[PDB]
């Protein structure tokens, strides 16, 4: 029996502490704690509704774009503004390209080093490594020569004695199961992923004005001026440049990231039977394509007790059933008001009193949906799409399963997706489907401009009296995001963000029910309590973002 603390958890965004009780070599109880707060909700209060997005985008630079888009959607909701369709195409391209960068970096830069042993890659035979991928991937950069070059980089770094950020990693740990060759393949793909993500961000930059932190939004649409014949504006040449980057993303996503995902499952199949965080899942529909903030390319919904057959679809960001269900509690958080609060009536009054196992232990609030704990993010979003019968999602999951089948002789059932690996799989499936979103929306934009529609912005009016409440939903890389704005006498009187990592990372709730991170850890085997790699494996699967969770 013993108590461990993992502080800092690295290879996430932000500041997280994880505590675990270990009994008989298995985690029996866990605590998740966000250890930094800024008070972004209070910072944005009393300002013009139009200014909020530029401020609140700074909730997070990893999931840049997301809080900007949710904020303008929230003001647009309060104000009853229908966004021009060209502005929707542009917003959608940005969100899809951003999310591509985000998921690739998560799988490689943030998560791979939980599963991959770089020291072991030094023992690999590069020709055997390449030979292992024959008939498994068509990627053009899996040669023995590529792998030898990558192995020599690792050799040179080790030889210099300055391992820096690769130092004191979990090399030789008994939970490291990859052969030398597979470790080497992973490091080569880690480096290749950096090129792909850079291309995805060039898409974002050409529409956003830069990234991180785009600067092309407005309450009412976008700031991009569409004019095929204009000098210095969004013309056909600039659109062609955007397209040139969109086209560079697919091969890596399909032939490396998608395949790696199947492969890690094949080597670590025990991780399909652990890390279940919840039995309820929520996602919102995403990528609106009509003139009235609807006709989403991706579907949303709510799954209760893992029952896909009886899930509830969500087709509208104005769905009152979704809106009325959401509350947050601060019973076990460092805020004063503890009873569950609907976010339009939310407060964020700090009340730090130090850590207590049974009291307050986190700056993360505890969200519920009609009083239940819910997992959000790519596992939720994939399960909802499967529940909806979305053929694209089924088909993409089936490709990953076919690779897994070929390597293992076993198949993967939906029951096995409620797991650490299933979570990873939903993320990869989302990244793959996002490449068709990009092609679709680029084409829709070109076609619409050709019909003579260059409209991008409708100037809002904000009544100087009255109180108006708006909510902006967005399916972010880490799950359902919502910004809740109350306007009174022309200014923001309340602003509450309920962020996807709030749902997953939040501490025990008003009824002391356990959040997804904390639940997911129960039952984790921990071979060495001083080096709890297995705990970090499961926590990384949720893609924590603590600037997001706490704000």
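Positions refer to the first chain, counted from 1.
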Mean C-alpha B-factor comparison - 130-138 and 248-256, higher one: 130-138
Residue range whose averaged C-alpha B-factor is higher in the record, 292-300 or 208-216: 292-300
Options 477, 343, 230, 275 - largest CA temperature factor per the record: 275
Candidate residues 323, 87, 444, 159, the one whose C-alpha B factor the record puts highest: 159
Within-chain third of residue 61 by Cα B-factor, per the entry: lowest
Third assignment of residue 517 from its chain's C-alpha B-factors: middle
Relative C-alpha B-factor of residue 95, binned into the chain's lowest, middle or highest third: lowest
Chain-wide C-alpha B factor ranking for residue 524, given as lowest, middle or highest third: highest
Where the record places residue 511 (Cα B-factor, split into thirds across the chain): highest
